[PDB]
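Below is one structure, written out as structure tokens, with a few remarks after it.
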Ligand SMILES: [Fe+2]
Ligand SMILES: [Fe+2]
């Protein structure tokens, strides 16, 4: 069976297993793609399947390379950098052109999985991202595996919580999307974050 | 007696002759600064005096080093512009855009339109200053913010427009129908 690492060697099997059917079916026509503008210039949309999120979490938990300050692990620390590069420049980049007036994706700054839990507490200060746009994918289920959490978009005066498994949030990195993460109060929360220039 | 090049050696006199009084008198308190949000997250505000704009054009017309443009370093004004951005513009950017810290300057140049594709800028934010008078020295012209669906025409002399460079402010210049149009543009990261 195809794994997370078999992209693009087994690309069509990879897409059917790991890409959300709605996003894959609209790769060449995002006009009718069911995405939501939760606040000005910030969009939520399905991207990956639950199997993608579960397997990403399994790889990260088994590797146990979390930083000892938020608890995260870079995708390249588990050998997924080339697969993530293919994902960004073939799947996400066409959607970014549709959302943001044909903006051309240049390069990837960072990509990592963040693990919020009750054991480690950290300051979640407001900040801008070191990116042109930021991709945030929810990897586990709100309410079932954690409570509270989310993200406050300070400039928009909008709090985004309860993101669905496999659904992504995209927003500007600098200047116009000042934001802070909000702490969980229960369980564990995994997200995939990527800073793209 | 003071010239464009006397910053920051003669800073106090440079500010009075070249910085717009409304901007100069609100450097430490931008809460009462009378700026206009022409469209979402795009702000127009007074920045420079008519003497600054006329002298900048005279430097560029004399140099004749000509998008037909001339970079500020080609006329020895890059250091003066760096002081302007980090000491005057950067505090205003923090007030407008949630304390965003200006990192560095990519480009600074004067554009001359005489007798225009949509694009993103190569910058975090872009500064656009009208250098000569709409209706007197040129007609029509201006800018369209495509994502905002907003036509912006008739910018006053010395007034600046600030907007995001990448992603969120797809724009294009509008053609003029007569005369010449000078603008000072800076791409800031
Ligand atoms: Fe962030
Ligand atoms: Fe431009």
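Just so you know, the numbers here start at 1 and follow the chain as drawn.
Looking at the header, which is where the method is noted, we find X-ray crystallography, 2.2 Å.
Quick reminder: no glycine exception, Cβ is built from N, Cα and C everywhere.
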Which of B:82, B:95, B:171 belongs with B:119, B:121 in the Fe cation site listed by Swiss-Prot: B:171
Same chain, 6+ residues apart, C-beta under 8 Å of the C-beta of residue B:121 (Fe cation binding site), given in sequence order: B:165, B:166, B:169, B:187
Any further residue of that chain within 8 Å (Cβ to the Cβ centroid of B:119, B:121, B:171) of the recorded Fe cation site: B:118, B:120, B:126, B:165, B:169, B:170, B:172
Around the Cβ of residue B:181 (active site), the count of other Cβ atoms that are within 10 Å: 25
